[PDB]
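In the form deposited in one PDB entry, a lone chain appears below as structure tokens.
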């Protein structure tokens, strides 16, 4: 209440791929799943962050124990002439904004934990494991693991070969059963499943979201005012009838629909009035049939997106949080 079958459904809905279904069902028969998701604390997050956060809300509703890793070491390793002070302010900005997002969605936070990479990634046991891994992984396997996640420059840096191992070790040191991310990370994830056992650690379940087209094609910032949300959405590409490549519809599929397993299309009387959909495939079929117009779909998103963003804007309107946003992103 929820059953193991209900838990699995919530945990795995809207994913592109599940690695490790067997172990996943074994766990869910007995106890709550332990899972993490990592984000590097570089770049101001924008509305597209709702796509991962929606899965994090599903994990929490399931009853999972959920860790969010703020990967501040990776952030330092992009810009070392950026002070630890600016970096850690970006860490708090991320922490506050993630919390505000999950609060806006409305999800129990009792089993949520926040951890920074530097809390453990420079400890002696972890470091030693980094060296052990390095003496079993080839440069070739490391390079191929990082290809879709580490920016292939002119002469590549040594740091890029280390990322797949550090991310694998994260699964162990965070003591999780599973890691969630994007399908982009698949090669990092299979690298972890391959090499953790060589250090005597268990392979993890890997849950992968699809790559989802952006809402807007000046991305919508989590703190943008209503007026700028409107302006930015009216600019967004929606092609009539197009359901395969539609960032407005993907936002509904991955963020708005799962809120309540409901979505309301706002439509004038002339075209039939509002309609409430209880499965996404029904919206998709009306959109493909062109009885939901792009402008009405954008509208229905604008309203629901604004309702999501309002509590975050209010929370971040305190002097303490206003000062943080200004100092994190100067």
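Here, rigid core means the biggest group of C-alpha atoms that superpose within 1.5 Å across both forms. Numbering follows the first chain given and starts at 1.
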property: Third-or-more of other entries without residue 246; result: no
property: Unmodelled residue 218 in at least one third of other entries with both flanks present; result: yes
property: Residue 156-residue 157 interval: deposited residues absent from the model; result: none
property: Between 144 to 152 and 244 to 252 (mean CA B-factor, as deposited), the higher; result: 144 to 152
property: Stretch with the greater mean C-alpha B-factor as recorded in the entry, comparing 220 to 228 against 203 to 211; result: 220 to 228
property: Residue of maximum C-alpha B factor among 186, 111, 235, 175, per deposited coordinates; result: 235
property: Of the residues 127, 79, 118, 179, the one carrying the largest Cα B-factor as recorded; result: 79
property: Among modelled residues of the same chain, the CA temperature factor third for residue 88; result: highest
property: B-factor third for the C-alpha atom of residue 262 within its chain; result: highest
property: Third of chain Cα B-factors occupied by residue 300; result: lowest
property: Lowest, middle or highest third - CA B-factor, residue 315; result: highest
property: Within-chain third of residue 321 by Cα B-factor, per the entry; result: highest
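If you look for the form deposited in another entry, you will not find it shown, but the lines that follow are about it.
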{"property": "2 Å-or-more CA mover between this form and the one not shown, where superposition uses the core and the choices are 308, 10, 321, 19", "result": "321"}
{"property": "Core fit, then residue 124 C-alpha moves 2 Å or more between this form and the one not shown", "result": "no"}
{"property": "Core-aligned C-alpha movement of residue 114 between this form and the one not shown, 2 Å or more", "result": "no"}
{"property": "Is_shifted residue 140 between this form and the one not shown (CA, 2 Å cut-off, rigid core)", "result": "no"}
{"property": "Sense of the change in Cα distance from residue 79 to residue 92 in the other entry - at least 3 Å versus the shown form", "result": "farther"}
